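Raw contents of data-v3.pdb, PDB, C-alpha atoms:
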```
ATOM      1  CA  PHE A 289      14.016 -12.379   9.018  1.00  0.00           C
ATOM      2  CA  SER A 290      16.039 -10.389  11.574  1.00  0.00           C
ATOM      3  CA  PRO A 291      18.908  -9.599   9.128  1.00  0.00           C
ATOM      4  CA  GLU A 292      16.978  -9.303   5.809  1.00  0.00           C
ATOM      5  CA  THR A 293      13.253  -8.908   6.622  1.00  0.00           C
ATOM      6  CA  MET A 294      13.792  -6.475   9.485  1.00  0.00           C
ATOM      7  CA  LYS A 295      15.787  -4.101   7.242  1.00  0.00           C
ATOM      8  CA  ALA A 296      12.637  -4.023   5.107  1.00  0.00           C
ATOM      9  CA  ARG A 297      10.420  -2.823   7.987  1.00  0.00           C
ATOM     10  CA  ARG A 298      13.373  -0.875   9.425  1.00  0.00           C
ATOM     11  CA  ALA A 299      13.347   1.297   6.303  1.00  0.00           C
ATOM     12  CA  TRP A 300       9.565   1.635   6.695  1.00  0.00           C
ATOM     13  CA  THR A 301      10.529   3.203  10.041  1.00  0.00           C
ATOM     14  CA  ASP A 302      12.569   6.126   8.658  1.00  0.00           C
ATOM     15  CA  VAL A 303       9.864   6.976   6.103  1.00  0.00           C
ATOM     16  CA  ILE A 304       7.099   6.405   8.683  1.00  0.00           C
ATOM     17  CA  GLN A 305       8.220   9.630  10.415  1.00  0.00           C
ATOM     18  CA  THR A 306       8.856  11.409   7.085  1.00  0.00           C
ATOM     19  CA  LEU A 307       5.503  10.506   5.466  1.00  0.00           C
ATOM     20  CA  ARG A 308       3.951  12.320   8.459  1.00  0.00           C
ATOM     21  CA  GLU A 309       5.722  15.402   7.045  1.00  0.00           C
ATOM     22  CA  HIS A 310       3.275  15.164   4.095  1.00  0.00           C
ATOM     23  CA  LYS A 311      -0.522  14.540   3.870  1.00  0.00           C
ATOM     24  CA  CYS A 312      -0.126  10.807   3.220  1.00  0.00           C
ATOM     25  CA  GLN A 313      -0.785   8.878   6.446  1.00  0.00           C
ATOM     26  CA  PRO A 314       1.826   6.017   6.646  1.00  0.00           C
ATOM     27  CA  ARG A 315       0.986   2.547   8.008  1.00  0.00           C
ATOM     28  CA  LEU A 316       3.157  -0.591   8.234  1.00  0.00           C
ATOM     29  CA  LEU A 317       1.289  -3.469   6.536  1.00  0.00           C
ATOM     30  CA  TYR A 318       2.380  -7.200   6.343  1.00  0.00           C
ATOM     31  CA  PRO A 319       5.576  -7.813   8.473  1.00  0.00           C
ATOM     32  CA  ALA A 320       7.396  -5.658   5.865  1.00  0.00           C
ATOM     33  CA  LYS A 321       4.804  -3.948   3.532  1.00  0.00           C
ATOM     34  CA  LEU A 322       4.367  -0.131   3.687  1.00  0.00           C
ATOM     35  CA  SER A 323       1.252   1.629   2.275  1.00  0.00           C
ATOM     36  CA  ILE A 324       0.989   5.396   1.610  1.00  0.00           C
ATOM     37  CA  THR A 325      -1.972   7.667   0.683  1.00  0.00           C
ATOM     38  CA  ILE A 326      -1.443   9.909  -2.399  1.00  0.00           C
ATOM     39  CA  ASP A 327      -3.977  11.357  -4.889  1.00  0.00           C
ATOM     40  CA  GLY A 328      -6.436   9.026  -3.129  1.00  0.00           C
ATOM     41  CA  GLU A 329      -5.060   6.055  -5.098  1.00  0.00           C
ATOM     42  CA  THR A 330      -3.325   3.877  -2.480  1.00  0.00           C
ATOM     43  CA  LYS A 331       0.049   2.263  -3.358  1.00  0.00           C
ATOM     44  CA  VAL A 332       2.278  -0.183  -1.396  1.00  0.00           C
ATOM     45  CA  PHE A 333       5.875  -1.479  -1.519  1.00  0.00           C
ATOM     46  CA  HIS A 334       7.429  -4.623   0.046  1.00  0.00           C
ATOM     47  CA  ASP A 335      11.030  -3.616  -0.862  1.00  0.00           C
ATOM     48  CA  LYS A 336      12.821  -0.349   0.022  1.00  0.00           C
ATOM     49  CA  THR A 337      14.035  -0.248  -3.595  1.00  0.00           C
ATOM     50  CA  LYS A 338      10.571  -0.379  -5.169  1.00  0.00           C
ATOM     51  CA  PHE A 339       9.616   2.547  -2.891  1.00  0.00           C
ATOM     52  CA  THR A 340      12.749   4.588  -3.696  1.00  0.00           C
ATOM     53  CA  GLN A 341      11.930   3.876  -7.360  1.00  0.00           C
ATOM     54  CA  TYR A 342       8.341   5.095  -6.885  1.00  0.00           C
ATOM     55  CA  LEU A 343       9.898   8.474  -5.982  1.00  0.00           C
ATOM     56  CA  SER A 344      12.798   8.190  -8.444  1.00  0.00           C
ATOM     57  CA  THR A 345       9.970   8.492 -10.999  1.00  0.00           C
ATOM     58  CA  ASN A 346       8.186  11.226  -8.970  1.00  0.00           C
ATOM     59  CA  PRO A 347      10.778  13.845  -7.896  1.00  0.00           C
ATOM     60  CA  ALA A 348       7.985  15.905  -6.253  1.00  0.00           C
ATOM     61  CA  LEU A 349       8.333  13.662  -3.177  1.00  0.00           C
ATOM     62  CA  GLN A 350      12.140  13.233  -3.379  1.00  0.00           C
ATOM     63  CA  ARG A 351      12.616  17.004  -2.922  1.00  0.00           C
ATOM     64  CA  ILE A 352      10.111  17.139  -0.051  1.00  0.00           C
ATOM     65  CA  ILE A 353      10.790  13.804   1.705  1.00  0.00           C
TER      66      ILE A 353
END
```
Target encoding C-alpha cells, full file:
Amino acid sequence: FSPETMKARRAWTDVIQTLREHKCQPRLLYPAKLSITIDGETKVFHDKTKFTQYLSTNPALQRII
C-alpha cells in the first residue's frame, strides 16, 4: 500500500486543500477514495486519473482548481 495505495490518498491530499478553494467540501473516504460535493450530486474517485478525467471533461474546475 505504501508505494501504490498511499500515492492514491497522497493525491487526495493536494486536492483536499484545493477543493476548499471552491464550495465543494472535500473528505477522504475508504483508505484511498475521495468524495466531492458539486451541483448537490455527490461523486467519488478511487484513482487520481479518474478524478483528473472528471475535470478533463469539465474544464470549469480545471481553470479554477
Item to check | Protein and nucleic acid residues near (19.3, -4.8, -0.9) (cut-off 12 Å, only C-alpha atoms) as number ranges by chain | outcome: A: 291-296, 299, 334-338, 340
Item to check | Residues matched by the PyMOL selection byres ((chain A and resi 343-353) around 12) as number ranges by chain | outcome: A: 302-312, 326, 331, 333, 336-342
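Interatomic distance, atom CA of residue A:319 against atom CA of residue A:297: 7.0 Å.
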Please determine an axis-aligned box that encloses all atoms of stretch 294-306 of chain A listed in the file, with 5 Å added on each side, and express its centre and edge lengths in Å to one decimal as lines of an AutoDock Vina configuration file.
```
center_x = 11.4
center_y = 2.5
center_z = 7.8
size_x = 18.7
size_y = 27.9
size_z = 15.3
```
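We find atom CA of residue A:317 and atom CA of residue A:300 to be spaced 9.7 Å apart.
Atom CA of residue A:313 sits 6.0 Å away from atom CA of residue A:325.
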